[PDB]
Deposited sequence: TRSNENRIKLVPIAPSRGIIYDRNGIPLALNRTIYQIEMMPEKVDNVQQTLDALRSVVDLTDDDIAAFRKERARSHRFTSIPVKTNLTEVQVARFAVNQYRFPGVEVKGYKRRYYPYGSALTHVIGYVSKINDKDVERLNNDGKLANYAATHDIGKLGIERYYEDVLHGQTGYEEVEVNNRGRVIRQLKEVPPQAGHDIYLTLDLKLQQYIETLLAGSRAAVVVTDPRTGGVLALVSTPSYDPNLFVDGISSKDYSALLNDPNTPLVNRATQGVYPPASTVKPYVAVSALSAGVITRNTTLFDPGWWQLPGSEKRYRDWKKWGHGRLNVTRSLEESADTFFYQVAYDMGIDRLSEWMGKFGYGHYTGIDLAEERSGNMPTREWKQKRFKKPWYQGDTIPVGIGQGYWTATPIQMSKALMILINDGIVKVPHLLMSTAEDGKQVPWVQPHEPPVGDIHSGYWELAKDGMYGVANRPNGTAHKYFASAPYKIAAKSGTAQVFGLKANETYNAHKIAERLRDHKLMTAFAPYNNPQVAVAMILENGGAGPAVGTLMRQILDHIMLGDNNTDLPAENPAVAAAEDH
């Protein structure tokens, strides 16, 4: 009688929000299954089971379909998703069905559904590319009894800690290879529990605000860089994937022209437009290219020296006399055309790279694009044509070759709030079990520029003016707030509508970057931003 070792799948760790609310859970699902070879009389067994587990003709059909499409010596499911009653009836009848096994399988469950799709992700069935990745990473031995895996979001990025440590048992088997005893059991170790910075209530509020728009919202706490909300719409039900998604349902997602499978907050790549002007300003001041008193007269346009090409301001006849304060308040373009010209692409791109543009943010998700912060060498490589001075101008107002993700915008916004201190935007607060609580630790990232210069306050005061002063572009949305809001909007390329904001002005507790593709399906981005800041601050 052979003694056999058999792996035991560990329990997947639990994901909680910042208030201990479970966002991803496990449910046991029971089924009976058999290896037909090990069953003396398959047909006798199948029919006796109609009485015991309510096995149906359809069940037998699916069992036969599955029997063929399977390899020799495979345990074929006979009936799935057994009810409590049905398992009990099978249990008291088990001695009658040697070769039929009743088994419980943990499957993942997402109670809050589409509100958390992109950021939490889902686990679904392992496929061959997962196997490849596990084999290459040297992790495959630990998956001997594991058949599902995180595919995106937190479930994927933290797959290794969520999964746990496979256990095993020694079991005696007789001739025909049926289990008659368990000799020994080394139990698995459950995955670590994971505690996220997210605020579930805030996340669900934002999803409802974004309604039928293609949109992204990133809410962070600038004191920590923790992500309080990361929403991309339209979304979809992650639960669809857990038990294998229908072809009908999955093609429906792929064919949606509103591309709900895209995480727009980390993979949406847009011209950041005027939202960059606070950071360009800080750069120009720090580089000495401008001063708080630098002034030019704006006729509504700006001409490139030694050329006839003109770059227009959004305001037809100009803003008149502009310093940097008033240029931020009114989102003047002309001023920043000049600033770009005087900076040159080398300095401007170098500074914007310090703000994180063009680079990955370091967020703990694996779905992410880096965008593009253009440089001489990049245009040389990408088109094999050199950089002309006219390529620098549009970059000053966040356009040209410049593209960014909303999560990059959030990381830059926080750097301005922290006076050059760089905080990675992250979702992980801590990891638990035993536990043995391990806090997320900020990787060493040198600061930007000089903590002590008053350039940060100057740019931020301009953003305060955007929101509060009567000439500010966002006055209509924010001036009436009790707490003080500072903001900066933008419009890209109907056009995309971007908004960035933080509150309260004095000691910021929340930072928001958001965009409604093509202006959204409902309210304006400024109204939505005020609603989010109102919901948070009350």
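- Missing from the model, by position in the deposited sequence, are residues 1-5, 499-517, 563-582.
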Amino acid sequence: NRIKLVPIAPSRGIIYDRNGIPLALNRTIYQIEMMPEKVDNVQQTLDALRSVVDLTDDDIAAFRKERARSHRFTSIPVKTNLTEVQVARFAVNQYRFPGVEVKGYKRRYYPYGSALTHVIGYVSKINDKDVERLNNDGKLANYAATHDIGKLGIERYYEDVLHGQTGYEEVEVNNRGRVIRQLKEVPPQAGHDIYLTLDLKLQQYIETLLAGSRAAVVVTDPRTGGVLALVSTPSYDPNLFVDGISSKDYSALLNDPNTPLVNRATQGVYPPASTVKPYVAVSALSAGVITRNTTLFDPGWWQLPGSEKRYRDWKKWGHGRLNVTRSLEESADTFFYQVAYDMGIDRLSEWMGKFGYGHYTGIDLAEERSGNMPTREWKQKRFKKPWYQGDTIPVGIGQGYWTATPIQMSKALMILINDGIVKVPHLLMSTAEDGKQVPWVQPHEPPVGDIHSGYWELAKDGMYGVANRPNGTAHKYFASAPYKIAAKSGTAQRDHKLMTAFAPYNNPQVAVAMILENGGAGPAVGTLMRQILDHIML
From here on, numbers count along this sequence of modelled residues.
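- As listed in the deposited structure, the average C-alpha B-factor of 19-27 and of 515-523 is greater for 515-523.
- In this crystal structure, the stretch out of 168-176 and 144-152 whose C-alpha atoms carry the higher mean B factor is 168-176.
- When the Cα B-factors of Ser114, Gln408, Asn93, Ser453 are read from the PDB record, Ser453 comes out highest.
- Listed residues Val510, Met499, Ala62, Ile485 were ranked by CA B-factor as deposited; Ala62 comes out on top.
- In this PDB entry, the Cα temperature factor of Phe297 sits in the middle third of its chain's modelled residues.
- When the modelled residues of the chain are ordered by their C-alpha B factor, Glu329 lands in the lowest third.
- Among all modelled residues in its chain, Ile536 ranks in the highest third by Cα B-factor.
- Annotation for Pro36: CA B-factor lies in the middle third of the chain's modelled residues.
- The entry lists a Cα temperature factor for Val280 that places it in the middle third of the chain's modelled residues.
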